[PDB]
Structures are given as C-alpha cells and as structure tokens.
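Line by line, the protein sequences are chains B and A. Taken in order, the first sequence gives residues 4224 to 4656, 4661 to 4734, 4741 to 4801; the numbers are from the authors' numbering. Positions in the second sequence are counted from 1; adding 4222 to them yields the authors' numbering. Just so you know, even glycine gets a beta-carbon here, dropped at the ideal spot from N, CA and C. All remarks here apply to the structure that follows.
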Amino acid sequence: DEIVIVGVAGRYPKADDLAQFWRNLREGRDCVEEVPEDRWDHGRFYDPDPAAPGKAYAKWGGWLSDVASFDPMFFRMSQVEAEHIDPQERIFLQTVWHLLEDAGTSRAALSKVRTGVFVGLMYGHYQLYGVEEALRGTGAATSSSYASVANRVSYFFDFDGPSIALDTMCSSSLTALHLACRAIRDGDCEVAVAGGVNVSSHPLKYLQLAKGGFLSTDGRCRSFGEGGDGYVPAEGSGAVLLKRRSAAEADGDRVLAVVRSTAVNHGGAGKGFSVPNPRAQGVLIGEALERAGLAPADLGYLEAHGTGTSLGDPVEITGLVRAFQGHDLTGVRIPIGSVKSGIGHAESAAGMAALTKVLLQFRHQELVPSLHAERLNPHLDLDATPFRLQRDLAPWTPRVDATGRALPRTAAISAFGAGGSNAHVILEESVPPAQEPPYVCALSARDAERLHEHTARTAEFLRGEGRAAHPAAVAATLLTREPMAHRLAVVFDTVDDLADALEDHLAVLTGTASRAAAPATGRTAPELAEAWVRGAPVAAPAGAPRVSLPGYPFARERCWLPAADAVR
Amino acid sequence: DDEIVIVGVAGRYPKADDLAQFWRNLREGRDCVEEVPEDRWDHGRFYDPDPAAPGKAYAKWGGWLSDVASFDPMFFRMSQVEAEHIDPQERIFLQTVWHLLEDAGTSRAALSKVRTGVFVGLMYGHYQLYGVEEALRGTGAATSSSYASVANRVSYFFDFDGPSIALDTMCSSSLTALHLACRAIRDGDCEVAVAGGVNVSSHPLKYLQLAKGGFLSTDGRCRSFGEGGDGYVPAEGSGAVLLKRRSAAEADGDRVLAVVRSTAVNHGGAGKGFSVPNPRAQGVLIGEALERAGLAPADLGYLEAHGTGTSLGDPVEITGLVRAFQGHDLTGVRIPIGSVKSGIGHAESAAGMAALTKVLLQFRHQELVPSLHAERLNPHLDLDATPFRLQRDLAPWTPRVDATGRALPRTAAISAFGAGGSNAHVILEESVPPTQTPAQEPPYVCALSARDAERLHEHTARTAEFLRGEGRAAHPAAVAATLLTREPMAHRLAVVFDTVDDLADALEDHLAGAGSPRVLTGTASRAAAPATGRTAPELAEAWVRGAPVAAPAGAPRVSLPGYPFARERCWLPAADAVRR
C-alpha cells in the first residue's frame, strides 16, 4: 500500500497561490527582482566588485509579496508574540491552513486520524534582530526556533503524530517528504504534512553567500545554461498532504500524485567539504529507481536541482548518467528543466517549489519552460544523454505500451544540499475513478471584514479561471471547509447564476453562527442554506467531486520587530 | 525481527570530560551545577535577583562544559579562522563522533564498507549571534551555526554516505534522532548509524529568553520529583551512540551495550496551551513504546524520567505514566525512577543523550545511582499510589527473576518531552555478553599512535594513568586488542608487555626520559615492511615502522581513554564584548 499526495499549497516569488504559480510557469516568467526597499537598505551592503571586503556583489532575489503580514488572532497569538517570531513560523502556519483547504479537509475531519508534521528549514535569521536591545534590557529577544515551526503547526491543527523540524540545507523539503512517507509506512502516523519554508529577512545572509562566492553575478539561476556563475537566493513556503492510497480512496480524496519512491544519502568524503559528489548522486538516484520499480525508459520528466553553476550542473548530469548505467538508453528522450530558473534557489523550500511544479504539470498535462539556457553550459555534452532541456511550453505527451494505449506520467525530482545531503523522489500521475441541482453555496469567516474579502475573491474566481467548473463540486468543496462565526449562504443551479447572485450582494443570506441553532428542517436545499446561516452543521454529499477554490484570505496585520528598521 | 543494538557511546557533560568521569559523578551523587563562568560572559550585566525586573535574568547557574572554545582544527583539516567562525556545537560534535568510534572499537576505514547514517539533534544556535555588527559594517566575517553543518561535516570527514540530517524537536531532539536512526537502519537507508545531540550555552541571550518566560528555577536546580522545584537550569553537553543490526554486531564481535527494544515519538496536539505538557499524549507514547517492545510494566527495571523539576511538569509526567500503565495488572510492581537532570541540569538538545548514557552505564555497572534534590518529595505527585520510587541512593541493580527464578536482562525506559510538545520514548535492554573464545597469552603488543609527538605524549600519559587506575583490572589482551582497532596515525609508539602493571611501568619510564629497551618509537613511512611473524616483538617493530597490525578475531574489548585532541582556542575575538 503506497503513499499518495492529496493536497498541496504554497507561495513563491510573484505567486501568492498555486494558480498564480502555474500561470507564471507557463508564461516562462522570470520572477527575480532586486532587494525591495522595505526589507533593508541594500546600498549599505552592496558593491559589484566581488573582490571588495565586507560587502555583497549581488542585489537580487525571488521575493514573496509581503513577509511581515500575519493574522495572529486567527492563530491564537498576540501581536507582540507575532512580532518576535520568525516569519517562517508565521507563513508556514498559513501555508498549512491552505494545504488543508486544497485537500478538502479540516482539523475536525483529521481529528480521528493521527497526523504528523515534517518541515525543512536552513536559515533562522530573524533572530539576529533585537539582540543588542534584549541584552541591554530594553527589548525582548526574537526567536527562530526550527522546532517551533513544526510544533506550533502541530499545536494549532491538533496533529499528535511526530512533529519534527529538519535541516539538510537545499534538500530539506525533500528530506522532510522522505521522513514523512517513512513515518506513515512504519505506523508513526497515518497522515502527514511534509513541507519547507525559507524567508530572507536579514541582509547578513547576502554577506555570507557573497563571501563564499555562492551568488551569481547577474542574479539568476541559469539552470544548465551558459555563463551561470552561481545562484540567486529565493523565498518560499510549501507543503503537501500525504496519506495511504487505501485511506484516500475510502475518503474520496483527489489524488494528485503517487509517491513511488523517496531516497536520501550524503556525499561522504568527496572532493571537498560542500562540493557535490557525482557518485553519491548516482547511487541515490539509482536506488530510487529500483525502489520505484521503474526504468529510465519509463521516466517522463526530470526536475533537476539545477543551481546554475558552471561546474555544479555538469556534476548533476554525470550523476544521472551514473544512475542510468546498466539500463537500455536507446531511443529514450527525457525532458529536463529546473524551477529555479524561474524563481531562483528557494533554499530550504526548493524541493517544495520543485515538487509543486511537477504536481501542476501532471494536473495540466503540460511541460513548462526552463529559462536562461539558450546556450547550454559548454561543459555539458547533453547530446550523449537522453536529456533534453525543455526551453518551450509543450504538451506532456504520455507514452504507450505494446497495445498502443496511454500510461500514467512519471517524474523525478532531485535536490542536493550544499553540505552534501541529497534527496530524490519519484512520482507517478494519478488517474481518477454526477449530481443535479439545486445546489447551495455556504461560506464562512472569522469576522465580517474577512467574509467580505472571501466572498469577493470567491466571486472573482467564478468569472475567471473557474466558470468552466461544475457547480456541484463547488458546493461540496466549500462544505469541507471549517465553519466559523460569520456565515453566508446562497442556493443556485449554475456557476453563472451563483457568481451573478454574489456580485449583486457585494456592490443571498448572511448570519452569525450559533452553536445551539435549530437543525436543518430537511435535506431540501433552501432549508440547508438557512441551516448554515444560523449556524447548524451540514455535511457535503460524500463522494462528490472537488475543485480548487481560493483559500481563506487571512488578515494582513503588519508584524515586524521595530528595531529591525535599523537596516533600512 | 533483527533488532537494533547500540555498540558504542561517547559524551561530555558538566564536570565530565569523558564517560568515566561521568560515571564517577553519577555514582557519587555529584551536583555538577555552577554559576556562569567569568570566561563565558559577565553575568553582572544581565543579572537581577528579582524575577519582576524586566530585561533581566533572575538566575545565574548552569551545567557547564569544562572548555567549549577548544578545538583541534588541524586534525579536522580546517583553518584556525574557519574554526573561530563556526559554532562550538559543530566542533565538539566532531570530536564526540571520533571518540564514539573509538568506544565502539572501530574506525572510518572499518566502517567504509557499510553505509553509515548521521542523525544529530540541536535546538539552539546562538554562536551565530556573535559578530553580526562587524559583519554588517564590513569589518569582520559572519559566524555560523548551521544545524545541517553539524551533521554534514561529520558525514564528510568520516566518510559517512548514509543519510545526514540535523533535527530540532527541542528537549527531545536526541531521542528523536535515535528514533530516526533506528528506522533508517530497518528501512534500509543505512546499516550503521550515528545518533546524537549537542548543546552549548555560548551566548547570554538564552538566559534572558528563558528568564522572560519564567523557565529558570530560582535556585539553579532541577529538583526532579522533589519539593519546591520551580523550573530548570540549562546545561551543556555532547553525546552520541553508534547503532547496528544485532546480526552485524554479533558477526563483527562488537561489544553490545544495549538492545533497543523500541522507540516512539509523537506530539501533544492541541492541549491546555502551546508548550504545555500533555499527559494524555505522554500516556499514548509510552503505551505504544511498551507495546512495540513487547514489554509489560511488570518487567520494567528502571525509568529515566524527563524529570525537569517544574511544578507543572513533574506531576504531569507521573500522570502520563499512570495513564500508560492503565490496562495492565500492576500488583507487587515496584519501579525505580530518577533523572540525570538532577545532577547536571537540563541539557536541552543533549538531554536525551545524557539520559541514555546514564542508563547504559547503569547496565554496565549494574547499579542504580542517586537522583538528587528530592530529599523531600514533591507532595503533589502522589507516587506511593504508583509503582515508582525515587532512587535516592546508590544501590545494586538487582535483576528480575522468571518462573525458574533465573535472572532476566535488565530493562529501562527513557523519556524526553520537548517544551513545544514533541515527545520521545525509548525502551532498552541489557545485553548478555556472548561466550568468550579463549584469550591470547603474553606477551602482547601495546601499539599507540597520534598525529604528532606532543599528541602521542599526552596519549601515552593518559593511557598509563588509566592502567594504574580503573584500568588495572583490565585483561591485558583486551587492552592490546582495543588499541589495535584504532586508526593508525603518523607518530608511533609500541611496547611488548605481559601485564598491565608492567605496561604502565614501561610507559611511565618512557615519559620520564629513562625510556626502556621495551619501548620503541618511530614515524610511519609508506610501504613499511610488514611484520616478519606474529610474535609481539615482531609486531611491535612493524608498528613502529608504520605497518598496520591486525587485532585478533573475537578478542574481548575494554574502553580506554580516547584520542587527546589538541586544545587550540577558537573563539571569535568579537565575542569578548560580553565579558569584562
């Protein structure tokens, strides 16, 4: 019985949800910008001469839209606490809330299974803020506890399986996925959140990375491209929800991917400390394939580590070639790209970024552009291998059998930590297994102001990428979401008319929840829509189809230690 | 079916630079807590005995490692400057792993044919706070405390190409790592594993953070299950164990320290507050661990408790235990309970390692040691309604009998509960040594090496001193055998010897200049002539030329002092700000 992914969520640069992320990837968007003014005054620290001492020669990053915004009330927390904790802890909370909404579940549905939490992190820089003040006695210390990221999730969501934070550098996300799958196979838990987060909250990181000559000079990751002399740091936060295949089937979950294999290892003593070992990479990927029960012949995409380093990208290919020794390579063509070329190197969340792209490419059956490699690296010699860099937007053509019929698509994601820790994962596409009006559309939120923005965004989604939707699916999906105090309901028959109705409210009932409200006076729809608004429970018609609506629009209260302004 | 076992352990704890000293301290019931040392920081700048004072620490105590700045960078192929710029947790853990391999009777090279994983728990990284201003102003370089670096650097240097993972679950980190290491081995990620944890109190910020949250006890003690405990005291430590399938240990003739019957981890979920201990979840965890172990509470010999010494936490721990033992017949069952924290303090990410090490030593010496500061019990635990009795006195660890009235292998259970909710429990079982093949007869060769002459000198001295002290009872063949499992280095010493006393005599002579016809010295050279035969003089002469000598198959082993690393100060110069 194999492990499946049933939900995913995240934020990446220039993308505050996965629908935007998908658009950026199709358009081949370059999401890297210069250091925003509001993080820190990068001039204090900048100097393009890499020989300059105590200075950074690069000034770019993949930035999240706002990393200071948080809804502390929602998460049972004061403002002052929120100002003193790393935004990584804060954002990953929201991410995991959105994960449950994409899976179509909730704290309460998950309360009778044992849920674990595994999250990867590699930097904790926020804690550098306020040290002088706290020592002087005029302030309180900030925290960046890794464990806190996991533990606060486990607390809030009532997950009582393992709660573990791990650092394997760039591979942390996939290591977390690895351990989460093992935790399930071994019985530590039955469901698991596996994720990773990284926020660039402090200039010191840029000084660090420049001093090591790690940063590219043009601020890009030319994944397998010519003239790549480093990478560009990127922010991010993602997570996936994991379950057994059996339990997913039984709960009528939407399966996004089957986890065929995970594997992790380390370079040992190769060329030097924190230099990549082609050999270790090959053994890793080779074992991954054998565990997967899959041949390179059947491999459909390869999401590469793809840092964009002159020497590092070759090492990665050599690595693959080694894992492919002993198999028949003739005729075989495997497309290869890296999400880093679009968003940059999201560090502890790089695997989550890479995993999500693959997840999205499965659902939309397209291969997307990998950027900045018009000219391949001259060290490469790709033509001797099966690998072809996918520079263009293309349909993801499956492969067939003897009998000429199509198979589920496959993909393979690698992530190689700078300090030697490697991870690799093998994914298979999920191929799935009606109901007639009038339907009802329930909505909830913490207060009025949030219910407004929710309704609003839900309305916009019906006009945009979600008019092609099934209105039955839209009712069921919404009825999986956790109900809150301020409620709303509207009976309807088509997407068209639902969006119609709601628009008119904005420019259709509305109530506040009541715990001892009168039960629905019968399954007939306009009786349910009332049952909601007063605050009765009502469960979706089990086994209904489902869709990705927009997640809860959290409040955006600025939380940021004031004594962090000294770097602006 | 194939069990995991522990085949070596190593550690430094407060007032204990090695485990022999640790054992002495546990055995005597030594209180190892002290005031903040002058050479760490000026605690005057931050102390106010009033808890109500804001921006202040109302306590001034900890469990301190004797010296955390010291490192042997040349040994580990790193520059002096690089060393100053990384956290002492990374450096100390490297030496700990080195000493672990020596305690297990193995080496990088012996391990190079199996896949070895590394799993290390940490929860603070304070060294990186130093030198942040200077680095921003272009004056200096950034310090590092990367957690992955602690594992990865071990993996690199020892050539361990299994999983290399650092992890934070706070106080339970060490046992969480033990748990992940055990499952990596079962699942095939590796065959052998290093599991450990490390914690260094490098920066005064921790004491402010903890004072602000009221975590610090006001006397600077962990009064584990004792009256008037009002918090804990931080302590420093580094520890690691080496893990293996039983079959591989038996095959390799390892000394087995304990069988790992079971491990478990979980979380409190949503209980009465973030970071408030949940006895329901503790109960579940322990119950499960007992089940996976195949063990009934009646068979449990000792419980090394979390034992933090808080008024909330200690009664909660007892309630968790009672919850786990519900649904079991507990008639005439009596289980001794204690906590290492009562002697050294709460070693935070290394707490589980201190705890685990304490049990392993108990197994080895078959004694139960005093738990301190509970002359009067905490009256709100109601222990007497339970099986548990605080072990306040040194006492022999009498085993349990069966039906035949035969002695059973001793068992122990160890808990660690992280402040944020991540819990871990482990059940261990003592190992009955296999029947011994017969010892080699004298003479024997004692073969020592070190990276240079000054190191070999210290090593020779430490070895003679051990052989006059606790090592006088060691079988001489065992002393010989053990040293021959150690990785050979450039500077060589050898002695032919019949007994321990006469070996010490020769080593002392060599140290005094007198020297001996019996002591040979030299520096290795490449392709040196191997031994001309297996007599000891022949072996001795080959070793001194640079030739390896094999340890005899099946030989029994003993623990001898580990490699005496050089002690070069590596402390950022900018860190001297926080002192006078």
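Chain A within 8 Å of residue i, Cβ atoms only
i, result
"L4512 (chain B)", "no"
"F4382 (chain B)", "yes"
"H4595 (chain B)", "no"
"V4487 (chain B)", "yes"
"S4637 (chain B)", "no"
"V4538 (chain B)", "no"
"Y4454 (chain B)", "no"
"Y4349 (chain B)", "no"
"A4305 (chain B)", "no"
Per DSSP, the bridge partner or partners of residue i
i, result
"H4568 (chain B)", "B:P4456"
"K4494 (chain B)", "DSSP, once it has assigned bridges, lists no residue as partnering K4494 (chain B)."
"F4639 (chain B)", "B:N4645"
"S4386 (chain B)", "B:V4340"
"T4743 (chain B)", "B:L4715"
"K4466 (chain B)", "B:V4227"
"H4489 (chain A)", "A:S4644"
Pair within 8 Å by beta-carbon distance, residue i and residue j
i, j, result
"residue 4169 (chain B)", "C4254 (chain B)", "Any question about residue 4169 (chain B) goes unanswered here, given that chain B covers just 4224 to 4801."
"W4320 (chain B)", "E4458 (chain B)", "no"
"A4638 (chain B)", "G4574 (chain B)", "yes"
"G4339 (chain B)", "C4412 (chain B)", "yes"
"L4507 (chain B)", "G4251 (chain B)", "no"
"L4322 (chain A)", "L4583 (chain A)", "no"
"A4773 (chain B)", "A4728 (chain B)", "no"
"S4424 (chain A)", "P4499 (chain A)", "no"
"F4585 (chain B)", "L4678 (chain B)", "no"
"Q4504 (chain A)", "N4645 (chain A)", "yes"
"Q4317 (chain B)", "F4787 (chain B)", "yes"
"residue 4808 (chain A)", "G4640 (chain B)", "Here chain A comprises residues numbered 4223 to 4802, so residue 4808 (chain A) is not present and cannot be evaluated."
"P4759 (chain A)", "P4710 (chain A)", "no"
"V4290 (chain B)", "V4482 (chain B)", "no"
Neighbour flag for residue i against chain B, beta carbons, 8 Å
i, result
"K4494 (chain A)", "no"
"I4387 (chain A)", "yes"
"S4644 (chain A)", "yes"
"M4392 (chain A)", "yes"
"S4484 (chain A)", "no"
"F4379 (chain A)", "yes"
"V4354 (chain A)", "yes"
"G4491 (chain A)", "yes"
"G4574 (chain A)", "no"
Which listed residue (the options) has its alpha carbon closest to that of residue i
i, options, result
"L4715 (chain B)", "B:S4747, B:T4721, B:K4563 and B:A4417", "B:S4747"
"residue 4172 (chain A)", "A:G4327, A:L4344 and A:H4568", "There is no way to answer for residue 4172 (chain A), as the model of chain A reaches only from 4223 to 4802."
"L4599 (chain A)", "A:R4611, A:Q4588, A:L4590 and A:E4589", "A:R4611"
"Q4548 (chain B)", "B:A4576, B:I4557 and B:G4509", "B:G4509"
"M4345 (chain B)", "B:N4374, B:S4460 and B:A4275", "B:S4460"
"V4229 (chain A)", "A:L4603, A:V4414 and A:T4398", "A:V4414"
"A4762 (chain B)", "B:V4701, B:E4570 and B:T4743", "B:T4743"
"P4519 (chain B)", "B:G4554, B:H4489 and B:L4534", "B:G4554"
"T4579 (chain B)", "B:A4232, B:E4225 and B:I4226", "B:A4232"
"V4544 (chain B)", "B:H4587, B:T4532 and B:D4604", "B:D4604"
"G4410 (chain A)", "B:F4379, B:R4628, B:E4513 and B:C4668", "B:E4513"
"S4781 (chain B)", "B:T4328, B:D4474 and B:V4258", "B:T4328"
Any non-hydrogen atom of the ligand ZN closer than 7 Å to residue i Cβ
i, result
"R4677 (chain B)", "In the structure shown, the ligand ZN is absent, as is every other ligand, since no ligand is present at all."
Chain-ordered residues of the stretch 4420-4434 of chain B with a beta carbon less than 8 Å from chain A: Correct list: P4426, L4427, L4430, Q4431 and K4434.
If you measure beta-carbon to beta-carbon, which residues of the stretch 4259-4283 of chain B are closer than 8 Å to chain A? Of all residues in the stretch 4259-4283 of chain B, those with a C-beta nearer than 8 Å to a C-beta of chain A are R4267, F4268, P4276, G4277 and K4278, reading in chain order.
Cβ-based contacts, 9 Å cut-off: residues of the stretch 4667-4701 of chain A near chain B: In summary, no residue of the stretch 4667-4701 of chain A has a CB separated from any CB of chain B by less than 9 Å.
If contact means a Cβ-Cβ distance below 8 Å, which residues of the stretch 4392-4410 of chain B contact chain A? Here the close residues are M4392, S4395, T4398, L4402, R4405, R4408 and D4409.
In chain order, what residues of the stretch 4359-4376 of chain A put their CB closer than 8 Å to some CB of chain B? Listed by position along the chain: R4359, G4360, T4361, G4362, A4363, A4364, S4366, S4368, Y4369, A4370, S4371, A4373, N4374 and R4375.
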